[PDB]
Amino acid sequence: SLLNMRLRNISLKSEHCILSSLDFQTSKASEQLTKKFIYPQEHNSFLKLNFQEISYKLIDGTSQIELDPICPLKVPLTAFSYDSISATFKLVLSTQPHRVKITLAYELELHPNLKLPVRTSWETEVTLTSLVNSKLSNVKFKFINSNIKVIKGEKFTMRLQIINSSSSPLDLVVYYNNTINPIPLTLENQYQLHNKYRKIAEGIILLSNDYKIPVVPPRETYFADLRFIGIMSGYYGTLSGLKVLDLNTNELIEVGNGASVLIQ
Amino acid sequence: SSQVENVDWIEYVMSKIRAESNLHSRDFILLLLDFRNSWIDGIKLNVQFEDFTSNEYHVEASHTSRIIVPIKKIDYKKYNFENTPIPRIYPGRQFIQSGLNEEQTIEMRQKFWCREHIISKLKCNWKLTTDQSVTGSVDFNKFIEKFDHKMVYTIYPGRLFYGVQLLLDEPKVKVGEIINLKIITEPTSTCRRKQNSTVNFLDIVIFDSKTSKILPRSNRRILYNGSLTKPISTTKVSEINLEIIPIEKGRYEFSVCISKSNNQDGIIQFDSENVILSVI
Amino acid sequence: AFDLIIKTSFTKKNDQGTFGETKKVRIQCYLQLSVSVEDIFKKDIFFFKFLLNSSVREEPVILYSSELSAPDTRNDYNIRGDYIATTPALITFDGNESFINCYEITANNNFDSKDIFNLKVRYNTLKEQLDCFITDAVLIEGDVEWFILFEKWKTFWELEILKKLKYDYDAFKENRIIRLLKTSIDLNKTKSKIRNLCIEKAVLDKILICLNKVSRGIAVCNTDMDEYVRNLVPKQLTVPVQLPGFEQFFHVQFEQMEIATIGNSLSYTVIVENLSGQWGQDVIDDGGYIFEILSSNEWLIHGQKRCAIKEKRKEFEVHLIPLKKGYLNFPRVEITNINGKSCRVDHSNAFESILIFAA
């Protein structure tokens with residue numbers, strides 16, 4: 001063949017949708033053939049493929065439905081040797097892999113009279129953190145507005161929604177520590193780690209420290225509404241420091257992993 | 001920024017630096033008090049430090065409320081907490097040596113005077129929400145526990161070994177345009193006695209600001225003549241110079257670290273002085 | 001290091017005796033300093049970057065100057081970036097002490113990849129620089145009446161006692177103490193070695209005091225040992241270095257057509273163009289110069305991921321889809337020939353991150 005192609009699908013669980021990306025290139029068989037037969041006399045020839053249809057169709061049984069691409073791709077496109085073209089498609093995801101078909105209708109342009117056409121197609125199967133859980137217990141934590149961007153110094157609010165269904169109520173307390181953690185390594189890594197810790201420690205601060213969450217009766221929820229203020233511009237992806245400890249067995253669950261504050 | 005001035009402490013500190021624009025915002029610290037009301041009725045707080053006053057804060061029953069009150073850092077150049085005995089308000093008594101050696105009695109003295117500094121200048125007032133004629137006040141002597149090792153550093157820079165200082169010629173240069181930076185390092189009273197040595201090294205490590213990862217020691221973005229790691233003395237004010245040449249558009253941080261020796265571990269102080277520059 | 005026997009057979013004019021000695025000296029032919037070049041291109045400005053270093057684990061050295069002399073073939077470029085050391089600059093074998101030396105070259109007409117550049121770095125060995133300090137500041141300091149008597153034993157002192165003093169370079173680096181290693185020299189044996197040769201009692205006494213002082217660790221750190229290098233000839237290492245034999249030179253710029261959440265593409269227009277005109281070799285718009293965008297585990301490409309270059313200025317829209325959370329670098333790009341050739345590419349946006357902010 002002369003369209004060595006593959007499908008490199010990758011899953012986005014955060015977006016809850018898999019991106020199937022096909023990519024096809026003119027192959028070394030074509031690289032040999034262009035010198036062997038097409039223009040043996042001319043020093044360095046080139047192929048002249050023309051794709052007239054690129055189709056991605058999800059199929060099952062008698063069903064066959066096309067799927068549009070992410071970005072505009074001009075259907076009647078050209079292609080020379082040593083070329084590789086990629087396209088992407090999105091589709092929503094648990095125990096039943098999908099079935100897809102890629103169809104490529106094209107035609108060579110050996111001279112503008114002879115146009116050898118092709119309709120090559122093949123089918124296959126689509127084969128291949130934000131909500132935190134508590135250890136030694138059942139409770140679950142999620143910030144309602146996980147990703148928030150604001151300006152420097154403007155106080156902003158979160159909603160730490162809680163699920164509790166274990167056996168009995170709890171009196172967990174949430175707090176932010178603005179203390180530089182102790183480093184455990186070359187200096188080029190030690191000071192990297194310290195810069196991370198210092199920014200975590202004195203970047204964002206909590207206006208409701210030692211906020212005793214009053215009661216969470218069993219099989220019920222709670223909205224631990226928190227309030228913040230930032231003082232150092234940057235991106236606090238999966239911000240640490242904000243940790244919540246339970247006054248039943250002295251847990252230290254890192255509930256702060258569900259937040260992605262961005263203060264400019 | 002200028003947009004966030006609705007809040008009182010941010011407005012006050014911005015106004016102070018604007019009115020006295022020679023000092024820099026790193027010469028300030030927050031205090032972050034947290035008033036918890038035990039009285040059944042709601043109370044209104046106004047807190048005050050030397051010149052400014054906070055806006056009214058309505059704290060209700062059994063609910064804590066944090067107060068971000070700013071304080072100017074106290075300089076060790078004109079207070080001399082090192083040799084200043086703790087006062088005995090009942091003079092005349094049999095004296096018993098406390099068995100506290102120099103290295104820790106100096107620490108306890110420093111902590112005590114550091115605490116005593118903010119007591120005399122910080123105050124606040126009441127207004128009960130029900131009846132407005134039940135005003136009062138709060139002493140902080142019998143609330144504020146003794147300071148700790150962490151809190152000494154931030155409010156007392158003299159505890160740190162070196163009072164470094166950085167400056168660029170212009171914080172705006174073109175690609176390939178040369179620019180030199182100077183580091184002014186002066187030791188402190190802590191450095192003058194805490195260690196028996198003569199030389200300490202410092203490194204001029206660089207950060208990308210946006211990406212916030214340290215650039216490699218031998219990078220593709222900043223060019224310089226001579227090693228970043230340099231010696232300095234422990235007894236005289238030292239000036240170091242570097243001849244930075246940026247190559248890539250962006251912004252860089254130029255932090256500093258100071259170490260005993262090139263022995264992997266053993267870094268004296270992880271300094272916070274940094275000056276950001278932009279190349280475009 | 002090799003041994004070497006010299007012998008003289010010299011006569012004299014005034015005297016008739018055919019004098020001449022036969023000495024057997026060691027020579028350390030191993031070169032102390034080492035230099036590794038690294039090269040940098042950027043549009044129309046070149047950049048040299050030398051990583052000076054030492055080539056012996058237990059012999060730190062000191063740099064004085066490394067001014068890159070330009071070639072003498074023609075009225076060539078305006079170099080800049082010569083380093084003159086105000087004070088000698090230490091340098092070890094390895095560690096976090098990379099003594100970079102950077103140079104900026106900007107052309108006038110064009111580049112020829114056949115010229116040469118001579119570094120001409122002047123250095124000296126820490127052992128020599130710190131042996132001079134002992135043999136001039138501890139023995140014969142501030143005395144001429146002493147030196148006129150001691151000088152008859154000069155060359156013996158600098159060849160049969162001083163040469164074997166192995167040093168604590170680690171101690172000098174850390175605490176700045178001039179101290180010997182414990183298993184350096186048998187004190188009793190070297191103390192005995194001086195008796196056999198005749199010697200003035202005062203000279204024996206003062207040399208004993210000096211050896212005791214050196215073994216006890218005189219530790220002047222920074223108040224001195226910058227004046228005694230004046231009477232030590234340095235050593236030059238004029239080394240040639242040459243620009244690379246690249247055939248072609250492209251540069252590629254990713255214009256951002258028209259922050260950016262996951263799953264929504266960002267349009268871009270790539271502009272590849274061959275700036276080989278200003279590097280001697282004429283442009284060749286017919287070679288096998290495939291240009292490809294290396295998609296990674298944290299980026300995804302849509303459009304033309306690879307294309308053959310056959311024109312001076314190629315461009316084509318390409319769409320970029322993020323996968324990772326935030327603060328990602330651009331995808332790398334490569335241009336490797338198919339037949340046998342090599343070239344170089346200046347990615348203008350090589351180091352420029354983009355913030356991806358989900359939802």
# chains A, B, ... in the order shown; residues from 1 in each chain; ligands from 1
>>> interface_residues(of="chain B", to="chain C", cutoff="6 Å", atoms="only C-alpha atoms", output="PyMOL selection string")
chain B and resi 225-227+261
>>> interface_residues(of="chain A", to="chain B", cutoff="8 Å", atoms="only C-alpha atoms", output="list in words")
residues 152, 153, 154, 179, 185, 186, 187, 188, 192, 207, 208, 209, 211 and 234 of chain A
>>> residues_around(residues="range 141-149 of chain A", least_positions_apart="2", cutoff="6 Å", atoms="only C-alpha atoms", output="list in words")
residues 131, 132, 159, 160, 161, 162, 259, 260, 261, 262 and 263 of chain A
>>> atom_distance(atom1="CA of residue 75 in chain A", atom2="CA of residue 301 in chain C")
17.7 Å
>>> interface_residues(of="chain C", to="chain A", cutoff="6 Å", atoms="only C-alpha atoms", output="MDAnalysis selection string")
chainID C and resid 302:307
>>> write_last_selection(atoms="C-alpha atoms", output="PDB file, in the first residue's frame")
ATOM      1  CA  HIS C 302      -4.760  18.484  13.137  1.00  0.00           C
ATOM      2  CA  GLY C 303      -3.976  19.332   9.523  1.00  0.00           C
ATOM      3  CA  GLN C 304      -0.587  18.862   7.845  1.00  0.00           C
ATOM      4  CA  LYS C 305       1.653  17.103  10.365  1.00  0.00           C
ATOM      5  CA  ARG C 306       4.474  16.690   7.817  1.00  0.00           C
ATOM      6  CA  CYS C 307       5.319  18.139   4.414  1.00  0.00           C
TER       7      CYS C 307
END
>>> atom_distance(atom1="CA of residue 134 in chain B", atom2="CA of residue 210 in chain A")
28.8 Å
>>> select_by_dssp(residues="range 164-345 of chain C", states="strand (DSSP E)", output="short mmCIF file (atom, residue, chain, number, x, y, z; two decimals) with N, CA and C atoms, in the first residue's frame")
data_model
loop_
_atom_site.label_atom_id
_atom_site.label_comp_id
_atom_site.auth_asym_id
_atom_site.auth_seq_id
_atom_site.Cartn_x
_atom_site.Cartn_y
_atom_site.Cartn_z
N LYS C 235 49.68 30.29 31.91
CA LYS C 235 49.82 29.35 30.81
C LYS C 235 48.68 29.54 29.84
N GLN C 236 49.01 29.65 28.56
CA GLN C 236 48.03 29.85 27.50
C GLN C 236 47.61 28.52 26.91
N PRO C 240 41.73 26.08 18.76
CA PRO C 240 40.89 26.50 17.63
C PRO C 240 39.51 25.87 17.72
N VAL C 241 38.51 26.61 17.27
CA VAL C 241 37.13 26.16 17.26
C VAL C 241 36.49 26.64 15.97
N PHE C 249 19.98 26.15 6.54
CA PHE C 249 19.54 26.78 7.77
C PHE C 249 18.15 27.36 7.56
N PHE C 250 17.15 26.74 8.17
CA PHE C 250 15.77 27.22 8.14
C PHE C 250 15.44 27.91 9.45
N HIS C 251 14.36 28.68 9.45
CA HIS C 251 13.72 29.03 10.71
C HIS C 251 12.22 28.94 10.53
N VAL C 252 11.54 28.59 11.62
CA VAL C 252 10.11 28.31 11.64
C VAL C 252 9.46 29.13 12.74
N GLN C 253 8.35 29.78 12.39
CA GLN C 253 7.65 30.71 13.27
C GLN C 253 6.17 30.35 13.28
N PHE C 254 5.60 30.18 14.47
CA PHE C 254 4.22 29.75 14.65
C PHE C 254 3.37 30.97 14.97
N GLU C 255 2.85 31.64 13.94
CA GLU C 255 1.94 32.75 14.19
C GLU C 255 0.62 32.24 14.76
N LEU C 266 -6.74 25.35 18.94
CA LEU C 266 -6.16 26.66 18.69
C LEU C 266 -5.59 26.65 17.28
N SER C 267 -6.02 27.61 16.47
CA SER C 267 -5.50 27.73 15.12
C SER C 267 -4.11 28.34 15.15
N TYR C 268 -3.28 27.95 14.19
CA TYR C 268 -1.96 28.53 14.03
C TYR C 268 -1.60 28.50 12.55
N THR C 269 -0.72 29.41 12.15
CA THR C 269 -0.14 29.41 10.81
C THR C 269 1.37 29.31 10.97
N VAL C 270 1.93 28.19 10.53
CA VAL C 270 3.37 28.00 10.58
C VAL C 270 3.98 28.62 9.34
N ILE C 271 5.10 29.31 9.52
CA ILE C 271 5.86 29.91 8.43
C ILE C 271 7.27 29.35 8.54
N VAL C 272 7.62 28.44 7.64
CA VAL C 272 8.97 27.92 7.48
C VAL C 272 9.62 28.71 6.36
N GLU C 273 10.84 29.18 6.58
CA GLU C 273 11.56 29.82 5.48
C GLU C 273 13.05 29.64 5.66
N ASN C 274 13.73 29.50 4.52
CA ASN C 274 15.14 29.14 4.45
C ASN C 274 15.98 30.41 4.43
N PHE C 291 9.74 18.41 6.59
CA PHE C 291 9.54 19.14 7.83
C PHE C 291 8.34 18.54 8.53
N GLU C 292 8.52 18.12 9.79
CA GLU C 292 7.47 17.40 10.51
C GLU C 292 7.33 17.96 11.92
N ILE C 293 6.11 17.88 12.45
CA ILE C 293 5.79 18.35 13.79
C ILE C 293 5.66 17.12 14.67
N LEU C 294 6.56 16.97 15.65
CA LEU C 294 6.55 15.80 16.50
C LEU C 294 5.46 15.89 17.56
N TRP C 299 0.08 16.90 23.54
CA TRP C 299 -0.41 17.75 22.47
C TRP C 299 -0.99 16.86 21.39
N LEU C 300 -1.78 17.45 20.51
CA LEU C 300 -2.32 16.71 19.37
C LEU C 300 -2.45 17.65 18.18
N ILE C 301 -2.21 17.12 16.99
CA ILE C 301 -2.10 17.91 15.77
C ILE C 301 -3.32 17.63 14.91
N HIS C 302 -3.73 18.64 14.15
CA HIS C 302 -4.76 18.48 13.14
C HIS C 302 -4.35 19.32 11.93
N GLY C 303 -4.45 18.72 10.75
CA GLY C 303 -3.98 19.33 9.52
C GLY C 303 -2.75 18.64 8.98
N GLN C 304 -1.80 19.41 8.45
CA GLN C 304 -0.59 18.86 7.85
C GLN C 304 0.46 18.67 8.93
N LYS C 305 0.65 17.42 9.36
CA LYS C 305 1.65 17.10 10.37
C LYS C 305 3.06 16.98 9.78
N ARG C 306 3.18 16.84 8.46
CA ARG C 306 4.47 16.69 7.82
C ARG C 306 4.34 17.07 6.35
N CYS C 307 5.35 17.74 5.82
CA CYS C 307 5.32 18.14 4.41
C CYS C 307 6.74 18.32 3.90
N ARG C 313 9.51 29.99 0.93
CA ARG C 313 8.65 30.35 2.05
C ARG C 313 7.39 29.49 2.01
N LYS C 314 7.36 28.45 2.83
CA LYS C 314 6.24 27.53 2.92
C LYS C 314 5.40 27.89 4.14
N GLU C 315 4.08 27.71 4.03
CA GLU C 315 3.21 27.95 5.16
C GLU C 315 1.90 27.20 4.96
N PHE C 316 1.23 26.90 6.07
CA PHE C 316 -0.02 26.15 6.03
C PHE C 316 -0.64 26.17 7.42
N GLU C 317 -1.96 26.36 7.46
CA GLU C 317 -2.65 26.38 8.74
C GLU C 317 -2.61 25.01 9.40
N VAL C 318 -2.41 25.00 10.71
CA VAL C 318 -2.40 23.77 11.51
C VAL C 318 -3.09 24.07 12.83
N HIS C 319 -3.87 23.12 13.33
CA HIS C 319 -4.66 23.29 14.54
C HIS C 319 -4.09 22.42 15.65
N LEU C 320 -4.01 22.98 16.85
CA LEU C 320 -3.39 22.35 18.00
C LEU C 320 -4.45 22.07 19.05
N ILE C 321 -4.51 20.83 19.53
CA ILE C 321 -5.48 20.40 20.54
C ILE C 321 -4.70 20.02 21.80
N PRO C 322 -4.93 20.65 22.95
CA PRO C 322 -4.26 20.20 24.17
C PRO C 322 -4.85 18.91 24.71
N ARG C 332 7.55 20.12 19.52
CA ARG C 332 8.81 20.29 18.82
C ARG C 332 8.62 19.98 17.34
N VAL C 333 9.55 20.49 16.53
CA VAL C 333 9.53 20.30 15.09
C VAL C 333 10.92 19.89 14.64
N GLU C 334 10.97 19.08 13.58
CA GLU C 334 12.24 18.54 13.11
C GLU C 334 12.27 18.54 11.59
N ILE C 335 13.48 18.68 11.06
CA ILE C 335 13.73 18.68 9.62
C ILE C 335 14.96 17.83 9.40
N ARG C 344 20.05 22.63 9.85
CA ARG C 344 19.69 23.17 11.16
C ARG C 344 18.46 24.05 11.03
N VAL C 345 17.69 24.10 12.11
CA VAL C 345 16.41 24.80 12.15
C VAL C 345 16.37 25.66 13.40
#
>>> residues_around(residues="range 115-123 of chain B", least_positions_apart="6", cutoff="6 Å", atoms="only C-alpha atoms", output="ChimeraX atom specification")
/B:47-50
>>> select_by_dssp(residues="range 109-211 of chain A", states="helix (DSSP H, G or I)", output="ChimeraX atom specification")
/A:187-202
>>> residues_around(residues="range 179-184 of chain C", least_positions_apart="6", cutoff="7 Å", atoms="only C-alpha atoms", output="PyMOL selection string")
chain C and resi 165-168+214-217
>>> residues_around(residues="residue 103 in chain B", least_positions_apart="6", cutoff="12 Å", atoms="only C-alpha atoms", output="MDAnalysis selection string")
chainID B and resid 82 109:110 190 193:195
>>> write_last_selection(atoms="N, CA and C atoms", output="compact mmCIF listing (two decimals), in the first residue's frame")
# COMPACT_ATOMS: atom_id res chain seq x y z
N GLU B 82 19.44 42.59 70.32
CA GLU B 82 20.43 41.59 70.68
C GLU B 82 20.83 41.71 72.14
N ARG B 109 15.19 36.32 74.11
CA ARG B 109 15.13 37.78 74.14
C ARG B 109 14.54 38.33 72.86
N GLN B 110 14.99 37.81 71.72
CA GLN B 110 14.51 38.27 70.42
C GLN B 110 13.02 38.02 70.29
N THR B 190 23.10 38.14 63.45
CA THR B 190 23.04 36.69 63.54
C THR B 190 24.20 36.04 62.81
N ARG B 193 27.90 36.16 64.58
CA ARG B 193 28.21 35.34 65.75
C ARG B 193 27.72 33.91 65.67
N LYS B 194 26.76 33.59 64.79
CA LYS B 194 26.19 32.25 64.77
C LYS B 194 27.13 31.20 64.19
N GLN B 195 28.17 31.62 63.47
CA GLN B 195 29.03 30.69 62.76
C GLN B 195 30.48 31.15 62.83
>>> residues_around(residues="residue 157 in chain A", least_positions_apart="2", cutoff="8 Å", atoms="only C-alpha atoms", output="list in words")
residues 155, 159, 225, 226, 227 and 228 of chain A
>>> write_last_selection(atoms="N, CA, C and O atoms", output="mmCIF file, in the first residue's frame")
data_model
loop_
_atom_site.group_PDB
_atom_site.id
_atom_site.type_symbol
_atom_site.label_atom_id
_atom_site.label_comp_id
_atom_site.auth_asym_id
_atom_site.auth_seq_id
_atom_site.Cartn_x
_atom_site.Cartn_y
_atom_site.Cartn_z
ATOM 1 N N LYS A 155 -11.172 38.685 46.854
ATOM 2 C CA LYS A 155 -11.597 37.493 47.573
ATOM 3 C C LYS A 155 -12.654 36.742 46.775
ATOM 4 O O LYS A 155 -13.555 37.343 46.185
ATOM 5 N N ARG A 159 -17.257 26.089 47.023
ATOM 6 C CA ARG A 159 -18.279 25.260 47.659
ATOM 7 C C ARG A 159 -17.765 23.823 47.677
ATOM 8 O O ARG A 159 -17.813 23.125 46.659
ATOM 9 N N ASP A 225 -18.907 26.100 52.646
ATOM 10 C CA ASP A 225 -18.597 27.272 51.834
ATOM 11 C C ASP A 225 -17.337 27.939 52.367
ATOM 12 O O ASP A 225 -17.313 28.418 53.505
ATOM 13 N N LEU A 226 -16.293 27.975 51.544
ATOM 14 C CA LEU A 226 -15.005 28.550 51.904
ATOM 15 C C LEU A 226 -14.814 29.893 51.211
ATOM 16 O O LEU A 226 -15.455 30.195 50.203
ATOM 17 N N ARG A 227 -13.917 30.702 51.775
ATOM 18 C CA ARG A 227 -13.583 32.016 51.243
ATOM 19 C C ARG A 227 -12.074 32.190 51.245
ATOM 20 O O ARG A 227 -11.403 31.848 52.223
ATOM 21 N N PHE A 228 -11.552 32.765 50.164
ATOM 22 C CA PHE A 228 -10.122 32.841 49.914
ATOM 23 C C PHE A 228 -9.728 34.267 49.563
ATOM 24 O O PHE A 228 -10.569 35.155 49.412
#
>>> atom_distance(atom1="CA of residue 78 in chain C", atom2="CA of residue 108 in chain C")
8.2 Å
